[PDB]
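Peer 1: After the structure tokens below, expect a handful of questions from me.
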Amino acid sequence: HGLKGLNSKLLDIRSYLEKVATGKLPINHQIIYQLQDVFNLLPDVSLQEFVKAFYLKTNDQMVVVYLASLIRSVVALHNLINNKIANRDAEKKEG
Amino acid sequence: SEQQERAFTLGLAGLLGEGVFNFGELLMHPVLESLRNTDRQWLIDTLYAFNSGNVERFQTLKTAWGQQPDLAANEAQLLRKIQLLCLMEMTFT
């Protein structure tokens with residue numbers, strides 16, 4: 001998504017600079033800059049203008065990290081306990 | 001010369017009626033701007049105020065300098081269009 005997203009970004013921005021140079025028309029017009037400005041709801045440029053989205057950035061990662069911390073704790077309790085149980089039952093009772 | 005007096009009233013009347021909110025989309029079209037070279041230059045400089053502008057407070061008054069009539073009712077209205085034209089640009093620029 002970064003590759004195919006930003007390669008057409010560079011291919012077009014070089015042809016859009018070529019406009020002033022040569023190949024005018026296409027002017028276009030106007031479709032080029034119009035939806036580019038719809039892309040401009042967030043630029044995102046220096047730096048990210050996330051002052052409102054900063055605390056919200058980690059706040060979306062809030063529960064994702066919490067559950068990942070909560071699941072791996074009990075999944076271990078399912079994995080660690082049950083493995084030790086069944087292991088020593090076969091291991092030591094055989095010899 | 002017939003079309004240089006066409007853009008005379010074309011720029012005026014097109015700016016007068018506010019039913020069209022944009023009006024600046026194709027204003028850069030090549031065939032009309034060739035007429036805008038021979039047309040009176042102060043009318044085009046105030047058209048660039050509504051084309052880009054916006055203020056340029058001296059130019060939006062300039063259209064009321066040369067041509068008095070038909071602009072009296074739309075004067076305070078065209079003063080409103082430049083006020084909504086900056087709101088989009090200052091965040092766009």
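Please note that chains go A, B, ... in the order of the structure tokens, that every chain numbers its residues from 1, and that ligands are numbered from 1 in the order shown.
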Restrict the distance test to only C-alpha atoms, flag each residue of chain A within 9 Å of chain B, and return the flagged residues as a list in words.
Peer 2: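 The selection requested is residues 29, 30, 37 and 40 of chain A.
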Peer 1: Just asking: which residues within chain A are alpha helix (DSSP H) according to DSSP, as a PyMOL selection string?
Peer 2: chain A and resi 2-21+31-38+54-94
Peer 1: Please provide as a ChimeraX atom specification all residues within 9 Å of residue B:42, with the sequence filter that same-chain residues fewer than 3 positions apart are discarded (counting only C-alpha atoms).
Peer 2: /B:39,45-47,59,62-63,66
Peer 1: Using only C-alpha atoms, which residue out of B:21, B:58, B:48, B:65 lies closest to residue B:81?
Peer 2: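 Distance minimum relative to residue B:81 lands on B:21.
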Peer 1: Go ahead and compute the interatomic distance for atom CA of residue B:16 and atom CA of residue B:30, in Å to one decimal.
Peer 2: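 A separation of 22.5 Å between them.
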Peer 1: Near residue B:7, counting only C-alpha atoms, which residues have an atom at most 12 Å away, once you skip same-chain residues fewer than 5 positions from it, shown as JSON, numbers by chain?
Peer 2: {"B": [1, 2, 12, 13, 14, 15, 27, 31, 32, 33, 34, 35, 36, 37, 38, 39, 40, 41, 43, 44, 47]}
Peer 1: Would you mind exporting N, CA and C atoms of the selected residues as a CSV table (one decimal), in the first residue's frame?
Peer 2:
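Result file follows (part37.csv):
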chain,number,residue,atom,x,y,z
B,1,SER,N,-12.5,42.6,-31.5
B,1,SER,CA,-13.0,43.8,-30.9
B,1,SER,C,-14.5,43.7,-30.5
B,2,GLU,N,-15.2,42.8,-31.2
B,2,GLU,CA,-16.6,42.5,-30.7
B,2,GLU,C,-16.6,41.7,-29.5
B,12,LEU,N,-18.6,41.5,-16.0
B,12,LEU,CA,-19.6,42.2,-15.1
B,12,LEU,C,-20.8,41.3,-14.8
B,13,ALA,N,-21.6,41.0,-15.8
B,13,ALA,CA,-22.9,40.3,-15.5
B,13,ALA,C,-22.6,38.9,-14.9
B,14,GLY,N,-21.6,38.2,-15.3
B,14,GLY,CA,-21.3,36.9,-14.7
B,14,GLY,C,-20.9,37.1,-13.2
B,15,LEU,N,-20.3,38.2,-12.9
B,15,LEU,CA,-20.0,38.5,-11.5
B,15,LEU,C,-21.2,39.0,-10.7
B,27,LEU,N,-12.7,30.1,-15.7
B,27,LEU,CA,-12.3,31.5,-16.0
B,27,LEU,C,-10.8,31.6,-16.5
B,31,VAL,N,-9.4,30.6,-24.7
B,31,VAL,CA,-10.0,31.4,-25.7
B,31,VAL,C,-10.7,32.7,-25.1
B,32,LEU,N,-11.1,32.6,-23.8
B,32,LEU,CA,-11.7,33.8,-23.2
B,32,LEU,C,-10.6,34.7,-22.7
B,33,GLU,N,-9.4,34.2,-22.2
B,33,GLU,CA,-8.3,35.0,-21.7
B,33,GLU,C,-7.6,35.7,-22.8
B,34,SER,N,-7.6,35.2,-24.0
B,34,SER,CA,-7.1,36.0,-25.2
B,34,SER,C,-7.9,37.2,-25.4
B,35,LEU,N,-9.2,37.2,-25.1
B,35,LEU,CA,-10.0,38.4,-25.1
B,35,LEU,C,-9.7,39.2,-23.8
B,36,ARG,N,-9.3,38.6,-22.7
B,36,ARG,CA,-9.0,39.3,-21.5
B,36,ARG,C,-7.7,40.1,-21.6
B,37,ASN,N,-6.9,39.8,-22.6
B,37,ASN,CA,-5.7,40.6,-22.9
B,37,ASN,C,-6.0,41.9,-23.5
B,38,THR,N,-6.9,41.9,-24.5
B,38,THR,CA,-7.3,43.1,-25.1
B,38,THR,C,-8.3,43.9,-24.3
B,39,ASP,N,-9.0,43.2,-23.4
B,39,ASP,CA,-10.0,43.9,-22.6
B,39,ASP,C,-9.3,44.8,-21.6
B,40,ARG,N,-10.1,45.7,-21.0
B,40,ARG,CA,-9.6,46.7,-20.0
B,40,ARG,C,-9.0,45.9,-18.9
B,41,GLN,N,-7.7,46.3,-18.6
B,41,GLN,CA,-6.9,45.5,-17.7
B,41,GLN,C,-7.4,45.6,-16.2
B,43,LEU,N,-10.4,45.5,-15.2
B,43,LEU,CA,-11.5,44.6,-15.0
B,43,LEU,C,-11.0,43.2,-14.9
B,44,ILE,N,-9.9,42.8,-15.5
B,44,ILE,CA,-9.3,41.5,-15.3
B,44,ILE,C,-8.6,41.4,-14.0
B,47,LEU,N,-11.1,40.6,-11.7
B,47,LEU,CA,-11.6,39.3,-11.9
B,47,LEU,C,-10.7,38.2,-11.3
Peer 1: Set the distance at 10 Å and use only C-alpha atoms: which residues neighbour residue A:12 once local chain neighbours fewer than 6 positions away are removed? I'd like the list as a list in words.
Peer 2: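 Surrounding residues, per the criterion: residues 6, 18 and 32 of chain A.
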Peer 1: Take the selection from the previous step and output its residues with N, CA, C and O atoms, as a short mmCIF file (atom, residue, chain, number, x, y, z; two decimals), in the first residue's frame.
Peer 2:
data_model
loop_
_atom_site.label_atom_id
_atom_site.label_comp_id
_atom_site.auth_asym_id
_atom_site.auth_seq_id
_atom_site.Cartn_x
_atom_site.Cartn_y
_atom_site.Cartn_z
N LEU A 6 2.43 5.18 -3.13
CA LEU A 6 3.33 6.31 -3.29
C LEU A 6 4.12 6.29 -4.59
O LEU A 6 4.80 7.28 -4.89
N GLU A 18 5.52 18.31 -15.11
CA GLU A 18 5.79 18.37 -16.54
C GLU A 18 4.77 19.26 -17.25
O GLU A 18 5.08 19.85 -18.29
N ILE A 32 -7.88 17.23 -11.49
CA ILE A 32 -6.59 16.93 -10.86
C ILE A 32 -6.53 17.47 -9.43
O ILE A 32 -6.48 16.69 -8.47
#
Peer 1: Work out how far atom CA of residue B:55 is from atom CA of residue B:79, in Å to one decimal.
Peer 2: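 Distance reported for this atom pair: 9.9 Å.
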Peer 1: Figure out the distance between atom CA of residue A:3 and atom CA of residue A:62, please, to one decimal in Å.
Peer 2: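 Distance between the two atoms: 28.9 Å.
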